[PDB]
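Undergrad: Chains as they are written, first to last, in PDB author numbering: chain C, 120 to 172, 186 to 232; chain L, 1 to 107; chain H, 1 to 119; chain A, 58 to 197, 204 to 276; chain B, 14 to 26, 30 to 39, 58 to 254; chain B', 14 to 26, 30 to 39, 58 to 254. A prime marks a further copy of an entry chain.
1. Could you check whether residue 32 of chain B' and residue 245 of chain B' sit closer than 8 Å to each other, using their CB atoms as the reference points?
2. Could you pull the start and end residues of the beta strand (DSSP E) that residue 101 of chain A belongs to?
3. Got a sec: is the Cβ-Cβ distance from residue 28 of chain B to anything in chain C below 8 Å?
4. Kindly list the residues whose CB is nearer than 8 Å to the CB of residue 82 of chain A, restricted to its own chain and excluding five residues on each side of it in sequence; keep chain order.
5. Report yes or no: is there a C-beta of chain C within less than 8 Å of the C-beta of residue 23 of chain B?
6. Determine, using beta carbons only, whether residue 95 of chain L comes closer than 8 Å to chain H.
7. Can you list the beta strand (DSSP E) stretches of 3 or more residues lying completely in the region 71 to 96 of chain B, in chain order?
8. In the DSSP assignment, the alpha helix (DSSP H) including residue 148 of chain C goes from what residue to what residue?
9. Pull up the DSSP beta-bridge partners for residue 114 of chain H, would you.
10. Any heavy atom of the ligand ATP within a distance shorter than 7 Å of the CB on residue 147 of chain A?
11. Establish whether the CB of residue 86 of chain L and some CB of chain B are separated by less than 8 Å.
12. Consult DSSP for residue 142 of chain B and reduce its assignment to one of helix, strand or coil.
13. So which of L:18, L:17, L:47, L:26 has the shortest CA-CA distance to residue 86 of chain L?
14. Which class does residue 68 of chain A belong to by DSSP, given the choice of helix, strand or coil?
15. Could you pull the start and end residues of the beta strand (DSSP E) that residue 247 of chain B' belongs to?
16. Can you find a CB in chain L that lies within less than 8 Å of the CB of residue 105 of chain B?
17. Determine the closest residue to residue 142 of chain B' out of B':215, B':165, B':126, B':223, with distance taken between C-alpha atoms.
18. Put residue 221 of chain B into one of helix, strand or coil per three-state DSSP.
19. Would you report the Cα separation of residue 39 of chain H and residue 135 of chain B, rounded to the nearest angstrom?
20. Hey, would you say residue 48 of chain H sits closer than 8 Å to residue 22 of chain H, going by beta carbons?
21. State the Cα-Cα distance for the pair residue 28 of chain B' and residue 195 of chain C, rounded to the nearest angstrom.
22. Select from the region 51 to 64 of chain H all residues with a C-beta closer than 7 Å to any C-beta belonging to chain B, and list them in chain order.
23. In this structure, does DSSP put residue 186 of chain B' in helix, strand or coil?
24. Terminal residues of the continuous beta strand (DSSP E) containing residue 157 of chain C?
25. Take the Cβ of residue 82 of chain H as the centre, count every other Cβ of all protein chains shown within 10 Å, and call the residue buried at 16 or more, exposed below.
26. Roughly how many whole angstroms lie between the Cα atoms of residue 77 of chain B and residue 155 of chain B?
27. Have a look at the DSSP bridge pairing and note the partners of residue 105 of chain B.
28. Once the 5 residues before and after residue 66 of chain B' are set aside, which same chain residues still bring their CB inside 6 Å of it?
29. Could you pull out every residue in the same chain whose Cβ sits closer than 6 Å to the Cβ of residue 191 of chain C, ignoring the five residues on either side in sequence?
30. With a threshold of 8 Å on Cβ separation, who are the neighbours of residue 197 of chain C within its own chain once the five nearest residues in sequence on each side are excluded?
31. Would a check of beta-carbon distances place residue 244 of chain B closer than 8 Å to chain C?
32. With a cut-off of 8 Å, does the C-beta of residue 169 of chain B fall near any C-beta of chain L?
33. If residue 128 of chain B' sits next to residue 104 of chain B', beta carbons under 8 Å apart, how far is it from one beta carbon to the other, in whole angstroms?
34. Give a yes or no on contact between the region 188 to 196 of chain A and the region 90 to 110 of chain H, applying the rule of three or more CB pairs nearer than 8 Å.
35. Tell me whether the beta-carbon of residue 178 of chain A lies closer than 8 Å to the beta-carbon of residue 159 of chain A.
36. Anything in chain H within Cβ reach of residue 59 of chain L, meaning under 7 Å, just list it in chain order.
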């Protein structure tokens, strides 16, 4: 969360397993596997997920509104990072399709 | 039954004045009053519930007071968008009845 | 948030029954109750009847014999039937929800459908 | 000094919780009382400070008589006897002065002649649960809790009138013994309205003064 | 920090436990949807083993298996900046037998407990001749008792000047060791604001309050 | 005798196991609804991890969790008096790739496997120009193979003269160690009568056949 230093709030990070549908509400995403992420305590939460060659969703939901004191802007942004948790297992090399 | 008499009939004040409006009950209601505002041919909105508490989006120009029977609402500064009808309503016991309804011309 | 609407006939026959169904959106019916308010140019505003969140109904004293209000929770509409439809019912009928922060006041309203008794 | 503030010395008292009259000839003269603590207001406040109680019970009855106005011819009556029947929760209940439910077997009852010591009896703690509950947020109707039903009492004469009727009164006393309390409560501020439930009218917090200073 | 149960994670950093004593996919931090604390607020309350039942798999355990023994723990935290002021009271009363507005009846079911939705207090009286409604004047706290004496129950002050959150642990308090859960509500969580929320112009006009319940050792 | 699993009890008194090797509320003896063996019968077959899925909580484990490893055991018993005669063949073929009646297509889904309902053989040919239907002439056994050579698979003879029942145990036979169960059927239970059922006049004209399946060690 690369926003202000004063503003707090709470976010859900719901991962939907494959086979199950995308949640269309805040409430049923809470029943699935998730993690509630706070802004005022820490500024970065870590979510791990398996990946393999629907098939899943990584939706994120407003838990509460973003309370911010006066003389601070309200609109804040959020980044996203991706790396491999454990070692992958690749096989049977081919050439890439990102070329002419 | 309990009756609500809204007083006075109508006003026509310029923009930016401090006006008052009141309405009277028949017996004790214990601040169970609600104020409403309806413009020309629209649905009314709620401004003050329980005779003191403003609504969520209503600005801080409006103000109400009163306890027992003599209740009143106070506008401190008029704007060009504040004309229309104004109703007071008790919600103490069935039957719920309204006031008469006033009007601001804003000449 | 999208608020409640209604859908009515608009035009009636004298000494008949009326049927206006009010359609809600977003909120439940076990947490709120609706309010039926008649807006008239001659008699002013008047309250007709409610159905509370528990299913119990209360009517106005002057319309005890002509009203019958019901609702459906999962289908999420209410139904009320005004009967005998006299000449003084030339008025626009409003549908409004109540219990604004648990205070029994009309928070948001329907669009209003004006009905007229006469041919 | 602290032994005057223990829970045992706070509740082991007595109070005239009931007062009823019954005559012998009027074909429906018999007294009837259901046991509940919520009868007298001053004891209900002292027991609603706690939520879960568990006590034995000890009842005494003081009975007196009074000669009703007869006709004539020098009425002379011998001593009276009184029968005090106790019904456990879930038993038969009489409805007239002469019924089958008085000569039943598993309803304990005493017999007491006048001019002697008053008839004390003692009831142990009868419940399927572990403790009485003076508060119950739940249905059985709301807030009844049919588990803590302690039973009823019934009184009548065991004589037939010969020349003059006699009415009689009774003042049932009440005394908990070996009390244990649990999970205390704040003391009830608003006045009592109805005996069966906890309803009330809203009232102010404290009798006012003129200003802050 | 960042405690987990089942498939849910809540991140924390004080605790106040019961009356001195300490209490398979049900062990997860349920989260009721947060309410908004405004200036003119009065208070909220949830009945405890009813708000879980209408939504969770714990409630799926309830409809198959009525009678149970449970032991709760409750997190309550509100996030606000340093510019807001006000004070809350988080208390968890057992056996809250509320009173009806009408003097002769008892309140109906849907007025005592919204299914995982907060019923709200008010600071006036209520009408009597209408229907079965809960007498919800706040200074008598619904039970006819003085609201100042409510701290004899297990409680914890939330004051936005220094403190920020409140965690409670409640053991199983009932007379019968096994009672049906569908007709009985043994606990009641109340949140009452004493010093009302005040702020200046420019800041956001409400503070959200999130309530997290997590049952521990549910026996069936 | 009277073995139990979960909340079900089956009472028995020989066993033939797999290819020599041996294989939480799912461990219960499921029972398909019994079929009737008449004189003019031809045979029945069930696809194995499809007949469990449409009905059981094992199937409730299937729709949440696709991929699994399972190991089955099958009881088959028919009760008849001493006056009936006839002989059955209970065999459990792995990877039964049946052939279509039309020469250019493959059969559709609802003809290869009724959900826990026995598909039936016949002793004629079938039509070709109609739809996707399974070629179900019994003497070629649906796979184009001679029906006399079918005993190379794990099998057990039911002969009503002496024997009465048949119990099989089948280990997990698949190439991939974890495959999706919704698009793959690895086992197939076939019951073919060789000597047809014959009786005199006066006795009851059909013998019921009950099939009891019980999965053991289902991993997910």
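Don't be surprised by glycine CBs; every beta carbon is placed ideally from N, CA and C.
TA: From the atom records:
1. Their beta carbons are not under 8 Å apart, which means residue 245 of chain B' does not touch residue 32 of chain B' by this criterion.
2. Premise fails: residue 101 of chain A lies in the alpha helix (DSSP H), 98 to 104, not in any beta strand (DSSP E).
3. Placed between 26 and 30 in the numbering, residue 28 of chain B has no coordinates, as chain B goes from one to the other without interruption by modelled residues.
4. Closer than 8 Å at Cβ, skipping near neighbours: 224, 228.
5. True, the Cβ-Cβ gap to chain C drops below 8 Å.
6. With its beta carbon less than 8 Å from one in chain H, residue 95 of chain L belongs to the interface.
7. If we require 3 residues or more, the beta strand (DSSP E) runs fully inside the region 71 to 96 of chain B come out as 78 to 81.
8. Per DSSP, the continuous alpha helix (DSSP H) segment holding residue 148 of chain C begins and ends at 145 to 150.
9. DSSP output for residue 114 of chain H lists H:92 as bridge partner(s).
10. Ligands are entirely absent from the displayed structure, and the ligand ATP is therefore not among its contents.
11. No, because no Cβ of chain B sits closer than 8 Å to the Cβ of residue 86 of chain L.
12. It is coil, neither helix nor strand.
13. Comparing Cα-Cα distances from residue 86 of chain L to each of L:18, L:17, L:47, L:26, the minimum goes to L:47.
14. The DSSP-derived three-state label of residue 68 of chain A is helix.
15. Per DSSP, residue 247 of chain B' belongs to the beta strand (DSSP E) from 241 to 247.
16. Not an interface residue.
17. The shortest C-alpha separation from residue 142 of chain B' is found at B':165.
18. If DSSP states are grouped into helix, strand and coil, residue 221 of chain B belongs with the strands.
19. If I take the Cα positions, the gap works out to 30 Å.
20. No, they are not a contact pair.
21. In the structure shown, chain B' runs from 26 directly to 30, leaving residue 28 of chain B' without coordinates.
22. Cβ proximity to chain B below 7 Å picks out 52, 53, 54, 56, 58 from the region 51 to 64 of chain H.
23. Looking at residue 186 of chain B' - three-state DSSP - the assignment turns out to be helix.
24. It spans 155 to 157 - the beta strand (DSSP E) in which residue 157 of chain C sits, taken as one unbroken run.
25. Looking at its Cβ environment, which holds 16 or more other Cβ atoms inside 10 Å, residue 82 of chain H is buried.
26. The alpha-carbon atoms of residue 77 of chain B and residue 155 of chain B are separated by roughly 5 Å.
27. According to DSSP, residue 105 of chain B shares a beta bridge with B:250.
28. Only 150, 245 meet the Cβ criterion.
29. These residues qualify, in order along the chain: 133.
30. Result list for residue 197 of chain C: 128, in chain order.
31. With its beta carbon less than 8 Å from one in chain C, residue 244 of chain B belongs to the interface.
32. Chain L, which has no Cβ nearer than 8 Å to the Cβ of residue 169 of chain B, makes this no.
33. Contact annotation, residue 128 of chain B' with residue 104 of chain B': C-beta distance approximately 13 Å; criterion of less than 8 Å not satisfied.
34. The region 188 to 196 of chain A vs the region 90 to 110 of chain H: no contact.
35. No.
36. Residues of chain H passing the Cβ test: none, with the nearest at roughly 18 Å.
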